[PDB]
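Asker: Got a structure for you, written out below as structure tokens; questions coming shortly.
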Amino acid sequence: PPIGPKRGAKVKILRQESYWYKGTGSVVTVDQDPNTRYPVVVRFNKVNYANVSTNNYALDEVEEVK
Amino acid sequence: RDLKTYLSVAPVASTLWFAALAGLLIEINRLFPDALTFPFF
Amino acid sequence: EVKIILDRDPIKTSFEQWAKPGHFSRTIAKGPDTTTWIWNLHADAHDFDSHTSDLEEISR
Amino acid sequence: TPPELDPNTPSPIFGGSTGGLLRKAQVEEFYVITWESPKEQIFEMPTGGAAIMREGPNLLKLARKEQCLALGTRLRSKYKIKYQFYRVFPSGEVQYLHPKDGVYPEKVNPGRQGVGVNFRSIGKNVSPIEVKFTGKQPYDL
Amino acid sequence: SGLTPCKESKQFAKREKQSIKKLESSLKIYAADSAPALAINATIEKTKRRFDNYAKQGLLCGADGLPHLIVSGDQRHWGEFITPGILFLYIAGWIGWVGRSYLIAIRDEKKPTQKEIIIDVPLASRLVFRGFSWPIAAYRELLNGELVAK
Amino acid sequence: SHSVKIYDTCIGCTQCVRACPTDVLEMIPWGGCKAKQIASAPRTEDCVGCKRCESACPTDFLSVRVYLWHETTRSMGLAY
Ligand code: CLA
Ligand code: CLA
Ligand code: CLA
Ligand SMILES: CCCCCCCCCCCCCCCCCC(=O)OC[C@H](CO[C@@H]1O[C@H](CO)[C@H](O)[C@H](O)[C@H]1O)OC(=O)CCCCCCCCCCCCCCCCC
Ligand SMILES: CC1=C(/C=C/C(C)=C/C=C/C(C)=C/C=C/C=C(C)/C=C/C=C(C)/C=C/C2=C(C)CCCC2(C)C)C(C)(C)CCC1
Ligand SMILES: CC1=C(/C=C/C(C)=C/C=C/C(C)=C/C=C/C=C(C)/C=C/C=C(C)/C=C/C2=C(C)CCCC2(C)C)C(C)(C)CCC1
Ligand SMILES: CC1=C(/C=C/C(C)=C/C=C/C(C)=C\C=C\C=C(C)\C=C\C=C(C)\C=C\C2=C(C)CCCC2(C)C)C(C)(C)CCC1
Ligand code: SF4
Ligand code: SF4
């Protein structure tokens with residue numbers, strides 16, 4: 001089947017070291033490629049210290065939230 | 001001009017707000033000066 | 001060469017740009033994402049050669 | 001592939017500057033950067049003020065390397081030029097530094113092998129106590 | 001309350017007396033019918049009124065001759081602290097509650113920061129009087145007061 | 001000299017390598033991202049520690065880190 005969380009779905013970050021740690025964001029796409037350590041690119045409404053609004057995460061680093 | 005209204009409500013909104021507040025406070029004092037307590041109860 | 005009076009005709013006059021904070025800079029005209037935006041707006045307000053690179057515009 | 005070697009090539013026209021080499025060059029190390037110029041051109045010296053590039057091969061000796069890359073980086077953009085720099089030492093041995101692998105570092109090359117990369121990325125490193133008394137350090141792992 | 005009421009404090013009376021003599025002294029140079037004179041006589045009348053009210057409102061005084069405030073909660077001095085305070089907390093609560101009503105109205109919108117640097121005055125004027133009944137924030141607290149995510 | 005590490009969090013943008021003033025990093029083939037490349041610190045002896053690399057990383061958290069260590073002439077940025 002398709003690999004990760006749906007595209008529309010919003011997720012909760014589990015990185016700990018991420019700026020948007022216990023917060024949420026929406027997934028843009030999921031790299032379908034195995035070997036790729038961190039796919040699941042996500043974007044956030046608010047910018048981080050480095051002025052960027054998107055980052056990639058591991059599969060176990062995100063929880064679908066509703 | 002929509003736009004002029006837009007210049008306004010910027011931090012000019014702060015000064016118009018505080019100038020109004022300052023005026024109100026000043027008049028109150030002019031009316032009720034040297035008040036160290038609320039004596040109406 | 002001969003020295004003379006040289007000018008150009010009207011170059012715009014509107015409140016449109018008053019309604020748009022940080023219009024002079026392309027980076028800061030997009031609006032704030034952090035409170036740093038506000039300070040930068042006042043610190044680059046008079047940096048004319050930072051706004052454009054045309055010497056004629058800066059001089060004017 | 002083998003690096004280029006030198007050197008007997010001429011150096012650029014300059015008048016003298018105080019930013020030049022010192023005792024460190026004599027007893028520790030010094031660097032040389034070399035390039036090919038299409039025209040005789042003027043450039044800003046990192047150490048000094050202004051110098052004239054000499055058409056053809058050019059040789060410049062600078063202290064510290066960073067000076068070498070700063071000038072070299074400027075050479076790559078600004079004007080299009082190909083440059084290389086080596087570490088001299090005092091004995092006479094010389095050492096090729098940059099590029100060092102054919103191609104520039106920005107561009108991925110197959111010959112290169114990784115150094116200092118941790119496959120458990122993240123800040124998944126262990127607490128300092130865990131390595132306490134173990135010469136190690138958490139990142140080294 | 002180791003103090004004595006101001007009405008019956010000698011030091012408190014000496015201060016009113018000394019102050020009036022100082023202003024009256026200045027009164028001498030300006031002669032009578034005069035602008036400064038009327039200005040000084042107005043300060044003197046404002047001075048008498050001041051001390052008169054303090055005594056009138058039962059405020060204790062200290063050996064210094066100056067009123068002192070009781071904030072213990074004692075009933076005779078709520079005017080000194082408690083009454084004005086509640087008044088404050090009402091206003092402070094008002095301002096904060098209205099300020100928080102604006103951000104929530106603004107939050108789900110376009111560029112939310114755009115209305116934080118350029119105020120939506122129609123929206124603000126709509127929300128300002130909601131602070132009048134801000135202590136019915138309590139009833140929001142029974143449900144949607146604060147975020148559960150944290 | 002200083003210590004510089006890279007992490008599989010790297011996306012191969014290559015910006016640090018472009019940012020470095022002393023040619024410490026370089027890119028090498030890899031298969032953990034779409035760029036298929038990853039940074040490397042094969043010459044940490046020439047690093048100065050200005051962290052221009054870190055200042056240029058877009059990973060949520062830096063994928064390149066610089067741990068300032070023992071000081072050497074090279075790291076102290078001395079022309080004398
Ligand atoms: C350190 C940097 C920094 C900077 C530059 C700012 C800047 C700002 N903050 Mg932030 N803040 C900061 C740090 C900072 N903050 C920190 C560390 C925190 C804690 C996490 C906060 C928490 C915070 C909150 C909760 C809020 C802000 C808000 C604001 C904005 C208020 C603008 C304003 O006052 O207009 C003017 C404000 C008025 C009330 C003027 C009154 C206008 C009235 C209502 C309408 C106009 C009436 C008219 C003018 C009067 C008529 C009289 C006339 C006819 C005479 C401003 C952009 C506020 C905001 O977003 O704005 C909406 C907001 O609510 N800040
Ligand atoms: C003459 C040119 C000029 C000047 C002097 C200013 C000055 C200021 N700007 Mg503005 N700005 C300008 C042009 C200018 N700007 C233009 C052309 C634009 C559009 C491109 C902007 C867009 C802009 C934004 C978006 C913001 C500012 C803000 C500010 C304030 C910085 C925050 C601060 O002071 O702390 C404290 C703020 C105050 C103390 C508010 C009161 C200010 C008034 C002038 C004092 C009121 C006087 C009072 C009634 C009597 C004295 C009371 C006493 C107790 C102090 C400062 C007053 C920030 C701001 O004001 O935040 C609310 C802010 O968010 N500016
Ligand atoms: C002929 C006089 C003159 C002129 C035309 C300029 C013009 C300029 N300067 Mg220079 N400067 C001057 C004199 C002058 N300066 C002097 C005498 C000094 C020594 C202090 C400096 C030091 C200086 C520095 C370090 C910098 C400039 C910069 C600039 C450029 C942008 C500045 C700006 O945006 O304004 C913005 C204006 C403000 C943010 C106002 C800030 C308010 C000040 C700091 C405090 C005012 C307090 C007031 C005096 C009293 C308190 C009142 C308060 C309670 C309300 C602009 C080309 C900047 C640049 O990068 O050049 C391209 C730059 O970084 N200037
Ligand atoms: C922004 C502009 C637009 C906004 C405006 C819209 C709202 C409009 C509403 C305006 C209506 C005005 C209402 C008029 C009210 C009357 C004013 C009045 O009565 O005069 C003030 C009056 C007193 O007034 C007195 O009245 C007497 C009666 O005849 C005489 O008239 C006297 O002349 C007069 O002095 O009462 C007070 O409230 C003053 C009490 C001061 C309280 C201070 C005590 C606090 C100090 C100690 C506490 C310390 C706290 C620190 C805690 C931390 C410690 C660690
Ligand atoms: C003209 C001009 C100029 C200048 C100007 C100036 C210099 C100014 C100013 C000004 C100022 C300097 C001001 C002010 C003000 C203030 C006010 C108006 C106040 C107030 C307040 C209040 C209201 C108070 C309150 C209170 C009380 C009493 C009680 C409690 C506490 C408190 C404190 C809160 C110049 C040269 C630049 C040029 C241009 C033009
Ligand atoms: C007169 C009167 C009154 C009134 C009262 C009121 C109504 C008030 C108010 C007021 C207000 C409403 C106010 C205010 C203010 C504020 C401020 C003043 C602030 C600030 C700030 C700051 C300073 C901060 C800073 C910072 C930051 C921001 C971050 C972190 C760090 C820091 C901390 C630095 C009463 C009746 C009661 C009594 C009597 C009379
Ligand atoms: C009685 C009395 C006293 C004492 C007192 C006390 C000791 C108490 C207390 C107190 C306390 C211990 C308190 C607490 C608390 C808490 C909390 C936990 C809070 C909270 C909150 C909130 C959440 C709010 C919010 C809001 C509002 C509501 C309004 C505006 C807006 C805002 C948002 C800010 C004295 C002797 C002095 C004087 C006499 C009287
Ligand atoms: S800069 Fe950061 S992300 Fe870009 S390559 Fe170097 S490490 Fe990877
Ligand atoms: S720190 Fe400065 S020197 Fe050391 S690697 Fe990052 S960029 Fe190169």
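Every chain in the structure tokens has a letter given in the order shown (A, B, ...), and although residue numbers restart at 1 in each chain, ligands are simply numbered from 1 in the order shown.
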Residues contacting ligand 3 - anything with an atom at most 9 Å away, using only C-alpha atoms and all ligand atoms - can you give me those as a count of residues only?
Answerer: 12
Asker: Got a sec to check which residues lie within 6 Å of ligand 5, using only C-alpha atoms and all ligand atoms, and send them as a short mmCIF file (atom, residue, chain, number, x, y, z; two decimals) with N, CA and C atoms, in the first residue's frame?
Answerer:
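Listing of selection_36.cif after writing:
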data_model
loop_
_atom_site.label_atom_id
_atom_site.label_comp_id
_atom_site.auth_asym_id
_atom_site.auth_seq_id
_atom_site.Cartn_x
_atom_site.Cartn_y
_atom_site.Cartn_z
N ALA B 22 -4.33 59.27 28.71
CA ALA B 22 -3.65 60.33 29.45
C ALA B 22 -4.61 61.48 29.71
N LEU B 25 -7.09 60.38 32.35
CA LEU B 25 -6.48 60.33 33.65
C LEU B 25 -6.25 61.72 34.19
N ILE B 26 -5.81 62.62 33.33
CA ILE B 26 -5.54 63.97 33.76
C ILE B 26 -6.79 64.68 34.23
#
Asker: Please extract the residues at most 6 Å from ligand 9, counting only C-alpha atoms and all ligand atoms, and provide them as a PyMOL selection string, using the chain letters and residue numbers of this document.
Answerer: chain F and resi 20-22+24+47-53
Asker: So that I have them on file, write out the residues from the current selection with C-alpha atoms, as a PDB file, in the first residue's frame.
Answerer:
ATOM      1  CA  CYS F  20      33.268  27.033   5.073  1.00  0.00           C
ATOM      2  CA  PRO F  21      36.193  29.507   4.892  1.00  0.00           C
ATOM      3  CA  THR F  22      38.922  26.858   5.346  1.00  0.00           C
ATOM      4  CA  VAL F  24      36.911  21.414   5.990  1.00  0.00           C
ATOM      5  CA  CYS F  47      38.901  24.216  10.892  1.00  0.00           C
ATOM      6  CA  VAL F  48      38.694  27.464  12.773  1.00  0.00           C
ATOM      7  CA  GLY F  49      35.317  27.022  14.487  1.00  0.00           C
ATOM      8  CA  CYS F  50      33.413  30.002  13.097  1.00  0.00           C
ATOM      9  CA  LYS F  51      30.347  27.757  12.647  1.00  0.00           C
ATOM     10  CA  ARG F  52      29.446  29.314   9.278  1.00  0.00           C
ATOM     11  CA  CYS F  53      28.532  25.734   8.337  1.00  0.00           C
TER      12      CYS F  53
END
Asker: How would you report the residues lying within 6 Å of ligand 8, as a list in words, if you count only C-alpha atoms and all ligand atoms?
Answerer: residues 10, 11, 12, 13, 14, 15, 16, 38, 39, 56, 57, 58, 59, 63 and 64 of chain F
Asker: Might you pull out every residue within 8 Å of residue 30 of chain D, with only C-alpha atoms counted and same-chain residues fewer than 2 positions away left off, and present them as an MDAnalysis selection string?
Answerer: chainID D and resid 21 24:26 28 32 61:65 87:90
Asker: Write out as a PyMOL selection string each polymer residue whose atoms come within 12 Å of segment 41-45 of chain D, counting only C-alpha atoms; drop sequence neighbours fewer than 2 positions from it.
Answerer: chain D and resi 12-20+36-39+47-56+58+60-62+67-68+70-72+74-75+78-79+81
Asker: Around ligand 4, out to 7 Å and counting only C-alpha atoms and all ligand atoms, which residues are there? I want them as a PyMOL selection string.
Answerer: (chain B and resi 17-18+20-21+24+28-29+32-39) or (chain E and resi 49-50+53+80-81+84-85)
Asker: Collect all residues with atoms no farther than 9 Å from ligand 2, counting only C-alpha atoms and all ligand atoms, and output them as a PyMOL selection string.
Answerer: (chain B and resi 7+10-23) or (chain C and resi 17-24+32+35+37-39+41-42+45) or (chain E and resi 116-118)
Asker: Restricting the output to N, CA, C and O atoms, write the selected residues as a short mmCIF file (atom, residue, chain, number, x, y, z; two decimals), in the first residue's frame.
Answerer:
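Contents of part.cif, freshly written:
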data_model
loop_
_atom_site.label_atom_id
_atom_site.label_comp_id
_atom_site.auth_asym_id
_atom_site.auth_seq_id
_atom_site.Cartn_x
_atom_site.Cartn_y
_atom_site.Cartn_z
N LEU B 7 -2.95 53.57 7.29
CA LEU B 7 -1.73 54.10 7.92
C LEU B 7 -2.06 54.12 9.36
O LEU B 7 -1.39 53.55 10.18
N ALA B 10 -1.96 51.63 13.15
CA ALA B 10 -0.63 51.04 13.17
C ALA B 10 -0.01 51.29 14.59
O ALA B 10 -0.70 51.03 15.58
N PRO B 11 1.25 51.75 14.73
CA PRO B 11 1.44 52.15 16.13
C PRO B 11 0.95 53.56 16.43
O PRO B 11 1.20 54.07 17.52
N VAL B 12 0.29 54.18 15.46
CA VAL B 12 -0.35 55.46 15.71
C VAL B 12 -1.60 55.17 16.53
O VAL B 12 -2.11 56.05 17.23
N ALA B 13 -2.07 53.93 16.45
CA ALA B 13 -3.20 53.47 17.24
C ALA B 13 -2.85 53.46 18.72
O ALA B 13 -3.70 53.67 19.58
N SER B 14 -1.58 53.20 19.02
CA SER B 14 -1.10 53.21 20.40
C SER B 14 -1.13 54.61 20.98
O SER B 14 -1.61 54.83 22.09
N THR B 15 -0.63 55.58 20.21
CA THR B 15 -0.52 56.95 20.69
C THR B 15 -1.89 57.60 20.82
O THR B 15 -2.16 58.29 21.80
N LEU B 16 -2.77 57.38 19.84
CA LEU B 16 -4.14 57.87 19.92
C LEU B 16 -4.85 57.27 21.13
O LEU B 16 -5.67 57.93 21.78
N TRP B 17 -4.51 56.02 21.43
CA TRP B 17 -5.09 55.31 22.56
C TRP B 17 -4.57 55.84 23.88
O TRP B 17 -5.34 56.08 24.81
N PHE B 18 -3.26 56.01 23.96
CA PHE B 18 -2.62 56.46 25.19
C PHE B 18 -2.84 57.95 25.44
O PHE B 18 -2.91 58.39 26.59
N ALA B 19 -2.95 58.74 24.37
CA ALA B 19 -3.24 60.16 24.49
C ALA B 19 -4.65 60.35 25.06
O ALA B 19 -4.89 61.25 25.86
N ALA B 20 -5.57 59.49 24.63
CA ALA B 20 -6.93 59.51 25.15
C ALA B 20 -6.92 59.09 26.61
O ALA B 20 -7.60 59.70 27.45
N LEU B 21 -6.15 58.06 26.92
CA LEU B 21 -6.01 57.58 28.29
C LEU B 21 -5.38 58.64 29.20
O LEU B 21 -5.84 58.86 30.32
N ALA B 22 -4.33 59.27 28.71
CA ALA B 22 -3.65 60.33 29.45
C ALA B 22 -4.61 61.48 29.71
O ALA B 22 -4.68 62.00 30.82
N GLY B 23 -5.38 61.84 28.71
CA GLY B 23 -6.33 62.90 28.90
C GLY B 23 -7.33 62.52 29.96
O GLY B 23 -7.60 63.29 30.85
N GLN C 17 1.36 53.08 -0.25
CA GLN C 17 2.59 52.56 0.31
C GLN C 17 2.70 52.87 1.81
O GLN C 17 3.48 52.25 2.52
N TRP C 18 1.90 53.83 2.28
CA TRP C 18 1.81 54.09 3.72
C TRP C 18 1.18 52.88 4.41
O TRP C 18 1.56 52.52 5.53
N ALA C 19 0.23 52.26 3.73
CA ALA C 19 -0.49 51.11 4.25
C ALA C 19 0.35 49.83 4.24
O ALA C 19 -0.07 48.80 4.77
N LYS C 20 1.52 49.89 3.63
CA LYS C 20 2.38 48.72 3.50
C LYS C 20 3.72 48.92 4.20
O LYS C 20 4.64 49.51 3.64
N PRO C 21 3.83 48.42 5.44
CA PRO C 21 5.06 48.55 6.23
C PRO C 21 6.27 47.84 5.61
O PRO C 21 6.15 46.72 5.13
N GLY C 22 7.41 48.52 5.63
CA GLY C 22 8.65 47.94 5.13
C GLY C 22 8.66 47.76 3.62
O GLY C 22 9.36 46.90 3.09
N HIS C 23 7.88 48.58 2.93
CA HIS C 23 7.78 48.51 1.48
C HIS C 23 9.13 48.73 0.80
O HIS C 23 9.38 48.19 -0.28
N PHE C 24 9.99 49.54 1.42
CA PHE C 24 11.25 49.94 0.80
C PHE C 24 12.21 48.77 0.62
O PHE C 24 13.07 48.79 -0.27
N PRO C 32 5.80 40.46 9.03
CA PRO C 32 6.53 39.83 10.14
C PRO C 32 6.18 38.36 10.35
O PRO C 32 5.03 37.95 10.15
N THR C 35 9.26 38.94 15.93
CA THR C 35 9.30 40.34 16.36
C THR C 35 10.56 41.06 15.88
O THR C 35 10.68 42.27 16.05
N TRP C 37 11.39 41.45 12.83
CA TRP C 37 10.87 42.23 11.71
C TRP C 37 10.64 43.70 12.05
O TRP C 37 10.98 44.59 11.28
N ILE C 38 10.06 43.94 13.23
CA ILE C 38 9.73 45.29 13.66
C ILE C 38 10.97 46.16 13.84
O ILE C 38 11.02 47.30 13.36
N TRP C 39 11.98 45.63 14.53
CA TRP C 39 13.21 46.38 14.76
C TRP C 39 13.95 46.66 13.44
O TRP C 39 14.42 47.78 13.22
N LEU C 41 12.74 47.10 10.59
CA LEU C 41 11.98 48.09 9.84
C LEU C 41 12.44 49.51 10.14
O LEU C 41 12.46 50.37 9.26
N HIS C 42 12.81 49.76 11.39
CA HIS C 42 13.24 51.09 11.80
C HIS C 42 14.74 51.29 11.58
O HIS C 42 15.20 52.41 11.41
N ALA C 45 15.31 51.91 7.76
CA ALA C 45 14.41 52.92 7.23
C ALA C 45 15.15 54.00 6.45
O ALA C 45 14.68 54.46 5.41
N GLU E 116 -1.73 41.94 13.87
CA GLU E 116 -1.08 42.17 15.15
C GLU E 116 -0.24 43.44 15.09
O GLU E 116 0.07 44.05 16.12
N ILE E 117 0.13 43.83 13.87
CA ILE E 117 0.87 45.07 13.66
C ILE E 117 -0.03 46.14 13.05
O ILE E 117 0.22 47.34 13.18
N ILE E 118 -1.10 45.70 12.38
CA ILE E 118 -2.12 46.61 11.89
C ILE E 118 -3.47 46.18 12.45
O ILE E 118 -4.08 45.22 11.99
#
Asker: Output the contact residues of chain A with respect to chain F at a cut-off of 7 Å, based on only C-alpha atoms, as an mmCIF file with N, CA, C and O atoms, in the first residue's frame.
Answerer:
data_model
loop_
_atom_site.group_PDB
_atom_site.id
_atom_site.type_symbol
_atom_site.label_atom_id
_atom_site.label_comp_id
_atom_site.auth_asym_id
_atom_site.auth_seq_id
_atom_site.Cartn_x
_atom_site.Cartn_y
_atom_site.Cartn_z
ATOM 1 N N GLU A 17 14.281 17.084 19.855
ATOM 2 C CA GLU A 17 15.226 18.112 19.537
ATOM 3 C C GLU A 17 14.716 19.033 18.465
ATOM 4 O O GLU A 17 15.420 19.892 17.989
ATOM 5 N N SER A 18 13.474 18.842 18.083
ATOM 6 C CA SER A 18 12.874 19.670 17.075
ATOM 7 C C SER A 18 12.242 20.882 17.679
ATOM 8 O O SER A 18 11.778 20.841 18.788
ATOM 9 N N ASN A 35 15.367 2.862 1.977
ATOM 10 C CA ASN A 35 16.713 3.375 2.270
ATOM 11 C C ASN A 35 16.703 4.825 2.756
ATOM 12 O O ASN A 35 17.616 5.247 3.463
ATOM 13 N N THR A 36 15.677 5.583 2.380
ATOM 14 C CA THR A 36 15.579 6.974 2.811
ATOM 15 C C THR A 36 15.258 7.004 4.294
ATOM 16 O O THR A 36 14.170 6.622 4.711
ATOM 17 N N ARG A 37 16.236 7.462 5.058
ATOM 18 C CA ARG A 37 16.151 7.534 6.494
ATOM 19 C C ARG A 37 15.012 8.358 6.966
ATOM 20 O O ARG A 37 14.228 7.895 7.759
ATOM 21 N N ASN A 55 10.553 20.467 7.468
ATOM 22 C CA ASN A 55 11.605 19.546 7.821
ATOM 23 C C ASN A 55 11.192 18.110 7.592
ATOM 24 O O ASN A 55 10.017 17.820 7.569
#
Asker: List all protein, DNA and RNA residues that have any atom at most 7 Å from ligand 7, counting only C-alpha atoms and all ligand atoms, and write the list as number ranges by chain.
Answerer: E: 71-73, 82, 92-97, 100, 137
